[PDB]
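The structure appears right after this line, and notes come after that.
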Amino acid sequence: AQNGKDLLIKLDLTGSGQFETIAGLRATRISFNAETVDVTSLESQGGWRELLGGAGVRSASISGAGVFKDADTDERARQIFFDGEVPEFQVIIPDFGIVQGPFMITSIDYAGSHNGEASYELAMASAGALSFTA
Amino acid sequence: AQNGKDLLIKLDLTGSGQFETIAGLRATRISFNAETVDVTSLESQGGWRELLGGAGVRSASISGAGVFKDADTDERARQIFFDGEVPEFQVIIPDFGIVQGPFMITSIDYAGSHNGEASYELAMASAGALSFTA
Amino acid sequence: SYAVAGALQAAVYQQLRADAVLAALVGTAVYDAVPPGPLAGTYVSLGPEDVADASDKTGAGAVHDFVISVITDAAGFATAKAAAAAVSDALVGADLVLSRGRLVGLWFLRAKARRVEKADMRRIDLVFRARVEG
């Protein structure tokens with residue numbers, strides 16, 4: 001198996017090939033989807049649903065959360081939301097490797113209570129072609 | 001089965017054989033039509049509507065819609081509306097083959113929204129003989 | 001225990017007594033079996049484990065919430081808190097090598113810190129989680 005701490009998401013500080021992990025990041029989830037575009041004819045094998053595969057639109061979504069630590073990289077995610085950009089984000093899988101895809105920054109939400117930490121969640125969605133450098 | 005993203009409709013850049021897909025087009029349709037020329041005699045063995053077949057005029061109607069990606073092929077679609085001509089077009093039914101007829105661009109329309117992308121629809125009509133290269 | 005825990009204690013004992021700090025605070029007094037003599041009085045002790053079996057279809061793993069206690073006979077116990085500061089930074093983010101199987105991460109958990117017997121000894125437990133793989 002692989003450690004959960006080694007599965008990170010990270011930003012573009014300068015915007016051109018400069019990657020730093022964000023902050024207090026208690027949880028990450030790169031999450032893939034496919035739109036399962038159905039093609040079932042009048043005859044299909046006895047009544048089973050037949051699917052095509054490669055014609056479906058496919059995507060990815062990143063849901064990060066953790067404690068509010070003001071870094072050079074936490075303020076960078078603010079500037080993506082107010083000035084709408086699609087920078088090259090990067091989610092590293094412990095042993096798979098770098099994904100290196102352009103995501104938008106769909107939902108950011110800073111939260112805080114009278115007795116606890118300052119936290120933030122951080123939702124994303126895909127915006128282009130992903131990769132896999134292995 | 002066959003994917004819909006391989007049903008490409010192509011436009012001529014130089015007017016002679018240089019066929020390229022238009023732009024980001026999200027929905028495409030080539031639509032053929034016949035004219036159902038009625039030949040109903042006094043005798044029709046019960047009164048069935050008898051048809052003639054060869055006599056009706058036949059047509060092909062292109063309907064394409066998509067996002068405005070300002071390629072050179074998109075501007076070559078715009079200008080042939082202005083000095084209104086009937087250039088040669090090419091629809092590739094994905095594993096039938098090539099349609100290869102001349103079409104007139106009847107309706108082009110560029111639409112945008114405050115919360116959406118810039119989208120164009122594109123409708124063409126048959127201007128001459130159609131073929132089938134396969 | 002499961003198959004790994006025989007070598008997990010042998011690895012978290014050998015990661016101690018090679019850490020540079022706590023060789024100057026506790027000394028050589030890192031042991032499961034307390035050797036006979038005069039009982040030095042600022043020792044640490046590494047025995048009370050418990051396992052939780054994080055397994056799967058293919059193979060097996062385990063979650064070891066092993067306890068490393070720090071005992072002191074000093075008047076206050078800023079001595080023990082300085083000694084367990086030297087315990088914990090030696091183990092969190094371990095990158096240990098085992099004799100049988102792998103561990104994927106060595107985190108930290110609860111650390112109770114109270115007065116034990118006759119308000120004289122001061123023992124501060126440290127629960128560390130070790131997710132291993134057999």
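By convention here, the chains of the structure tokens are called A, B, ... in the order presented, each chain's residues are numbered starting at 1, and ligands are numbered starting at 1 in the order presented.
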
Could you list the residues in chain B lying within 10 Å of chain A, using only C-alpha atoms, and format the result as a ChimeraX atom specification? /B:1-6

Go ahead and write the selection's residues with C-alpha atoms as a compact mmCIF listing (two decimals), in the first residue's frame.
```txt
# COMPACT_ATOMS: atom_id res chain seq x y z
CA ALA B 1 -22.07 0.75 -32.84
CA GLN B 2 -20.28 3.97 -33.68
CA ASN B 3 -19.36 7.11 -31.79
CA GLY B 4 -20.88 10.44 -32.68
CA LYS B 5 -17.66 12.38 -32.37
CA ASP B 6 -16.44 10.76 -35.59
```

What lies within 6 Å of segment 75-89 of chain A using only C-alpha atoms, ignoring chain neighbours under 3 positions off, as number ranges by chain? A: 11, 72, 100-104

Using the selection just defined, write its residues with N, CA, C and O atoms as a compact mmCIF listing (two decimals), in the first residue's frame.
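Produced file selection17.txt, reproduced below:
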```
# COMPACT_ATOMS: atom_id res chain seq x y z
N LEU A 11 -0.20 23.66 -6.41
CA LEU A 11 -0.60 24.87 -7.11
C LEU A 11 0.42 25.31 -8.15
O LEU A 11 1.49 24.71 -8.32
N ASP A 72 2.24 31.05 0.95
CA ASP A 72 2.32 31.69 -0.36
C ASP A 72 1.32 30.99 -1.27
O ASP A 72 0.82 31.61 -2.21
N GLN A 100 -1.22 16.38 -13.44
CA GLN A 100 -0.84 17.58 -14.20
C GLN A 100 -1.95 18.02 -15.16
O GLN A 100 -1.86 17.89 -16.38
N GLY A 101 -3.05 18.47 -14.57
CA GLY A 101 -4.16 18.92 -15.36
C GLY A 101 -4.64 20.31 -15.01
O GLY A 101 -4.48 20.79 -13.89
N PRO A 102 -5.24 21.00 -15.98
CA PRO A 102 -5.86 22.31 -15.70
C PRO A 102 -7.22 22.14 -15.05
O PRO A 102 -8.15 21.58 -15.63
N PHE A 103 -7.34 22.62 -13.82
CA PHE A 103 -8.60 22.62 -13.11
C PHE A 103 -9.05 24.05 -12.86
O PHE A 103 -8.23 24.96 -12.72
N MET A 104 -10.36 24.25 -12.80
CA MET A 104 -10.85 25.50 -12.23
C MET A 104 -11.08 25.29 -10.74
O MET A 104 -10.82 24.22 -10.19
```

Show me, as a ChimeraX atom specification, the residues of chain C whose atoms get within 12 Å of chain A, using only C-alpha atoms for the distance check. /C:54-56,58-62,92-95,101-107,130-134

Can I get the selected residues back with C-alpha atoms, as a JSON list (two decimals), in the first residue's frame?
```
[["chain", "number", "residue", "atom", "x", "y", "z"],
["C", 54, "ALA", "CA", -6.74, -3.31, 8.28],
["C", 55, "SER", "CA", -6.81, -6.09, 5.68],
["C", 56, "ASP", "CA", -8.18, -6.84, 2.20],
["C", 58, "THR", "CA", -5.24, -9.75, -1.47],
["C", 59, "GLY", "CA", -2.94, -10.16, 1.50],
["C", 60, "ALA", "CA", -3.35, -8.57, 4.90],
["C", 61, "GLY", "CA", -2.25, -5.53, 6.86],
["C", 62, "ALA", "CA", -2.71, -4.13, 10.37],
["C", 92, "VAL", "CA", 6.35, 10.61, 12.98],
["C", 93, "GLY", "CA", 7.30, 10.39, 9.34],
["C", 94, "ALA", "CA", 9.32, 7.29, 10.10],
["C", 95, "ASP", "CA", 10.61, 5.80, 6.82],
["C", 101, "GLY", "CA", 6.52, -6.87, 5.58],
["C", 102, "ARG", "CA", 6.21, -3.13, 5.15],
["C", 103, "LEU", "CA", 4.80, -0.21, 7.04],
["C", 104, "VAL", "CA", 3.27, 2.60, 5.03],
["C", 105, "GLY", "CA", 3.03, 5.30, 7.70],
["C", 106, "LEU", "CA", 3.72, 6.00, 11.37],
["C", 107, "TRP", "CA", 1.41, 8.72, 12.66],
["C", 130, "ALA", "CA", 1.50, 2.22, 12.59],
["C", 131, "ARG", "CA", -0.40, 1.02, 9.52],
["C", 132, "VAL", "CA", 1.63, -1.94, 8.33],
["C", 133, "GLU", "CA", 1.36, -4.49, 5.52],
["C", 134, "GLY", "CA", 2.03, -8.21, 5.73]]
```

Excluding same-chain residues fewer than 2 positions from segment 30-41 of chain C, what lies within 12 Å of it counting only C-alpha atoms, as a ChimeraX atom specification? /C:9-10,12-19,22-28,43-49,67-75,79-80,83-84,87,120-123

Next, write the just-selected residues to a file, as a PDB file, in the first residue's frame, keeping C-alpha atoms as the atom set.
```pdb
ATOM      1  CA  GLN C   9       8.730  -3.190  17.804  1.00  0.00           C
ATOM      2  CA  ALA C  10      12.235  -4.160  16.701  1.00  0.00           C
ATOM      3  CA  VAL C  12      10.742   1.383  16.562  1.00  0.00           C
ATOM      4  CA  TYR C  13      13.245   0.299  19.180  1.00  0.00           C
ATOM      5  CA  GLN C  14      16.142   0.635  16.735  1.00  0.00           C
ATOM      6  CA  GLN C  15      14.893   4.020  15.548  1.00  0.00           C
ATOM      7  CA  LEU C  16      15.263   5.005  19.169  1.00  0.00           C
ATOM      8  CA  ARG C  17      18.803   4.812  20.649  1.00  0.00           C
ATOM      9  CA  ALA C  18      20.077   6.110  17.300  1.00  0.00           C
ATOM     10  CA  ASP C  19      18.238   9.415  17.589  1.00  0.00           C
ATOM     11  CA  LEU C  22      17.257  11.491  23.870  1.00  0.00           C
ATOM     12  CA  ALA C  23      20.695   9.959  23.889  1.00  0.00           C
ATOM     13  CA  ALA C  24      21.494  13.115  25.870  1.00  0.00           C
ATOM     14  CA  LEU C  25      18.216  13.335  27.828  1.00  0.00           C
ATOM     15  CA  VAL C  26      17.287   9.758  28.681  1.00  0.00           C
ATOM     16  CA  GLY C  27      20.593   8.123  27.793  1.00  0.00           C
ATOM     17  CA  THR C  28      20.749   4.378  27.226  1.00  0.00           C
ATOM     18  CA  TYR C  43      13.519   5.838  31.252  1.00  0.00           C
ATOM     19  CA  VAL C  44      11.107   5.183  28.401  1.00  0.00           C
ATOM     20  CA  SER C  45       9.306   1.913  27.766  1.00  0.00           C
ATOM     21  CA  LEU C  46       7.964   0.335  24.560  1.00  0.00           C
ATOM     22  CA  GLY C  47       5.570  -2.552  25.012  1.00  0.00           C
ATOM     23  CA  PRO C  48       1.758  -2.107  25.185  1.00  0.00           C
ATOM     24  CA  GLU C  49       0.632  -2.501  21.573  1.00  0.00           C
ATOM     25  CA  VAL C  67       2.125   2.898  23.324  1.00  0.00           C
ATOM     26  CA  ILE C  68       5.523   4.400  24.176  1.00  0.00           C
ATOM     27  CA  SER C  69       5.503   5.704  27.737  1.00  0.00           C
ATOM     28  CA  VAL C  70       8.026   8.111  29.247  1.00  0.00           C
ATOM     29  CA  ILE C  71       8.596   7.819  32.996  1.00  0.00           C
ATOM     30  CA  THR C  72      10.405  10.342  35.163  1.00  0.00           C
ATOM     31  CA  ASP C  73      11.113  10.704  38.864  1.00  0.00           C
ATOM     32  CA  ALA C  74      11.853  14.417  38.574  1.00  0.00           C
ATOM     33  CA  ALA C  75      10.050  17.041  40.616  1.00  0.00           C
ATOM     34  CA  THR C  79      11.733  16.678  31.851  1.00  0.00           C
ATOM     35  CA  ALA C  80       9.393  14.032  30.436  1.00  0.00           C
ATOM     36  CA  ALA C  83      11.960  13.646  26.445  1.00  0.00           C
ATOM     37  CA  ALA C  84       8.783  12.790  24.550  1.00  0.00           C
ATOM     38  CA  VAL C  87      10.432  10.550  21.122  1.00  0.00           C
ATOM     39  CA  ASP C 120       5.708  10.716  42.667  1.00  0.00           C
ATOM     40  CA  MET C 121       6.324   9.131  39.252  1.00  0.00           C
ATOM     41  CA  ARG C 122       5.197  11.096  36.211  1.00  0.00           C
ATOM     42  CA  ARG C 123       4.277   8.965  33.226  1.00  0.00           C
TER      43      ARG C 123
END
```

Mind giving me the straight-line distance from atom CA of residue 99 of chain B to atom CA of residue 62 of chain B in Å, one decimal?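 Value for the atom CA of residue 99 of chain B-atom CA of residue 62 of chain B distance: 11.2 Å.
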
Any idea what the distance is between atom CA of residue 118 of chain A and atom CA of residue 12 of chain A? 23.5 Å

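The space between atom CA of residue 21 of chain B and atom CA of residue 131 of chain A spans 25.5 Å.
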